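Undergrad: okay, structure incoming, though there's no sequence with it:
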């Protein structure tokens, strides 16, 4: 509880200089992010598609670039955000695949977020060590939504924070 | 390098920057007093001190507190931090421009925009000082070099410099040679705001918007109710010191010294801030 709508937290906080102390720390937080919050959540595909289109379209971020195949990479990202890819078609996340992966999640304060990311995928002189897949992010406010696309973008790779 | 935050609003007569904090406390004549402890781009509080206008802002001198003045005519000191009112007296027939805090017996000075300013004992109850020598409507009231020596700027077209006492105003002296306040080539006029020859300096320049002091010094840097903002040094007292500070188009509401910077910053009304030296000027 306690709604405060100061998004991403990052709200000023006080420790005060009020006694053996002349100053102290006033701080705003940072360090308060999304990837964690949302839990995986699920859907019927036809309805899904319909829905996918239907949803708050308004955010997307791109996937392109990493350190891994989207097998290990995808798993890693998935676990990191604690979120769902709804369903496979065996077409094949292996030989290429030339697979677009649909992901859904529902959070602790209940937003459902929808993705279709469509991605190249690693494999010798076939394709995938980048993507150039587009991550399409729908979350109700664009501001969190895009931000989520980012957040995930942060999540995507593994490097010096 | 960066102008971190910027929205044009507020119609601002009185102003102060936190010598300790990156606060700006701002007085509008919207009737508003505001403290924003400017750092986190956030206002702590905002009280429109009364229905009438607000001209004054001054420091208590401590760390984070305001002493405030409105057309209420009241000296309030309220601590933002402690969100409470320290000791209270209202004001005469005009608002409070400057304040200083002292403490033999935790003791107090209040500087005012009207008539008198009175300095009060709430401990071993006696009189430290009485200041008469103001009339109405003080634009910029000031502590001097000696902090508890002072200057005031008026819409009564005078300037007052006063001498105080621990039992009201007086000074004892007998050694000097000539004076720069008044004693050789050039010098600017007395005004009338009080009635003792300390120096009441002429605040006529259609009236004086601001007065600013030179710490050990008596040079003043001024805002004036003339295009002419006229600069005088009473640590010299030049001729072509009958300087009118000139825009292109009208005014020079103020022009000011920056403690550190040996410079003058001018600001005016053709849509402008005008840039001035004062190191070689």
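TA: Received it, and whenever you're ready, just let me know what you need. Numbering: from 1, shown residues only, chains lettered A, B, ... in the order given.
Undergrad: so what's the residue count around whichever residue of chain A sits closest to chain B?
TA: As assessed by C-beta to the nearest C-beta, chain B sits closest to residue A:12 within chain A, at 5.2 Å. (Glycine included, C-beta is placed from N, CA and C.) When counting by other C-beta atoms under 10 Å in any protein chain shown, one arrives at 13 neighbours for residue A:12.
Undergrad: what about it, distance to residue B:37?
TA: According to C-beta to C-beta, to the nearest Å, residue A:12 and residue B:37 sit 10 Å apart.
Undergrad: which residue does chain B bring closest to chain A?
TA: For chain B, C-beta to the nearest C-beta, closest residue to chain A: residue B:40, 5.2 Å.
Undergrad: which residues are in contact with that residue?
TA: Residues in contact with residue B:40, defined by C-beta atoms under 8 Å, 6 or more residues apart in numbering or on different chains, are A:12, A:26, A:28.
Undergrad: need those residues in TSV (columns: distance to residue B:180 and secondary structure).
TA: Output for the contacts of residue B:40, formatted as TSV (distance: C-beta to C-beta, whole Å; DSSP: H, G, I helix; E, B strand; the rest coil):
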residue	distance to residue B:180	secondary structure
A:12	50	strand
A:26	46	strand
A:28	51	strand
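Undergrad: between those residues, which is closest to residue B:126?
TA: Looking at the contacts of residue B:40 and their distance to residue B:126, the nearest is residue A:26, at 41.2 Å (C-beta to C-beta).
Undergrad: need the three-state assignment for the residue of chain A most remote from its centre.
TA: In terms of distance from the mean C-alpha position of chain A, residue A:20 ranks first, at 44.5 Å (C-alpha atoms, centre = their mean). Taking DSSP: H, G, I helix; E, B strand; the rest coil as the rule, one finds residue A:20 in the coil state.
Undergrad: kindly report the same for residue B:43.
TA: At residue B:43 the chain is in strand, as set by three-state DSSP.
Undergrad: same for the helix or strand encompassing residue A:147, what does it pack against?
TA: For residue A:147, the host element (DSSP states H and E) is helix A:142-156. Secondary-structure packing of helix A:142-156 (3 or more C-beta pairs under 8 Å, 6 or more residues apart in numbering or on different chains; DSSP states H and E): strand A:59-63, helix A:72-81, strand A:133-138.
Undergrad: can you list the strands that the shortest one pairs with?
TA: In the sheet containing strand A:59-63, the strands it pairs with under DSSP bridges are strand A:133-138 (antiparallel).
Undergrad: what does the strand it pairs with rub up against?
TA: A:52, A:55-64, A:100, A:113-120, A:145-146, A:148-149, A:152-153.
Undergrad: now residue B:262, what are its backbone angles?
TA: Phi and psi for residue B:262, reported as degrees, to the nearest 10, are phi -70, psi 60.
Undergrad: that one - how many residues pack around it?
TA: Neighbours of residue B:262 using other C-beta under 10 Å come to 12.
Undergrad: need the nearest residue in space to it, chain neighbours excluded.
TA: residue B:279 (4.5 Å; C-beta to C-beta, 6 or more residues apart in numbering or on different chains).
Undergrad: that neighbour against residue B:264, yeah?
TA: No - the pair residue B:279 / residue B:264 is not scored as a contact, 9.7 Å apart, by C-beta atoms under 8 Å.
Undergrad: for residue A:93, which non-adjacent residue is spatially closest?
TA: Leaving aside its chain neighbours, residue A:93 sits nearest to residue A:99 (5.3 Å; criterion: C-beta to C-beta, 6+ apart).
Undergrad: that neighbour: neighbouring residues, count only.
TA: Residues near residue A:99, counting by other C-beta under 10 Å: 20.
Undergrad: next: the one 5 residues further on.
TA: Counted with other C-beta under 10 Å, the neighbours of residue A:104 add up to 22.
Undergrad: kindly report the same for residue A:82.
TA: For residue A:82, the neighbour count with other C-beta under 10 Å is 14.
Undergrad: center of chain B, which residue is that?
TA: Centre-nearest of chain B using C-alpha atoms, centre = their mean is residue B:141, 2.5 Å out.
Undergrad: my read: it touches residue B:111, true?
TA: Yes - using C-beta under 8 Å, residue B:141 is in contact with residue B:111, at 5.1 Å.
Undergrad: find the residues that touch each one of these two.
TA: Listed as contacting both residue B:141 and residue B:111 by C-beta under 8 Å, 6+ apart are B:58, B:97, B:98, B:150, B:152.
Undergrad: just the ones of these in strands?
TA: Judged by DSSP state E, strands contain the following of those: B:58, B:98, B:150, B:152.
Undergrad: wait, does the helix or strand hosting residue B:34 contact chain A?
TA: When elements are assigned from DSSP H and E, residue B:34 belongs to strand B:33-37. No - using C-beta under 8 Å from any C-beta of the partner chain, strand B:33-37 stays clear of chain A, coming no nearer than 9.0 Å.
Undergrad: quick one: list the elements packing against that strand.
TA: In terms of contacts (3+ C-beta pairs under 8 Å, 6+ apart), strand B:33-37 is packed against strand B:24-27, strand B:42-47, strand B:66-69.
Undergrad: circling back to that earlier point, single out the most deeply packed of the helices and strands packed on helix A:142-156.
TA: Neighbour counts (mean count of other C-beta atoms under 10 Å in any protein chain shown) averaged over each of the helices and strands packed on helix A:142-156 peak at strand A:133-138, with a mean of 22.
Undergrad: tell me the angle it makes with helix A:142-156.
TA: Strand A:133-138 and helix A:142-156 are oriented at 140 degrees to each other (axes from the mean of the first three to the mean of the last three C-alpha atoms, to 10 degrees).
Undergrad: what about stretch B:164-181, distance to the chain center?
TA: Mean-position distance between stretch B:164-181 and its chain equals 22 Å (C-alpha atoms, centre = their mean, to the nearest Å).
Undergrad: buried residues in that stretch?
TA: B:164, B:169, B:180, B:181 (16 or more other C-beta atoms under 10 Å in any protein chain shown).
Undergrad: now swap in stretch A:41-61 and tell me
TA: Buried, per 16+ other C-beta under 10 Å, within stretch A:41-61: A:41, A:43, A:48, A:51, A:52, A:55, A:59, A:60, A:61.
Undergrad: just to revisit the earlier point, so for residue B:279 and residue B:264, which sits in the more crowded spot?
TA: Neighbours were counted for residue B:279 and for residue B:264 using other C-beta under 10 Å; residue B:264 has more, 23 against 8.
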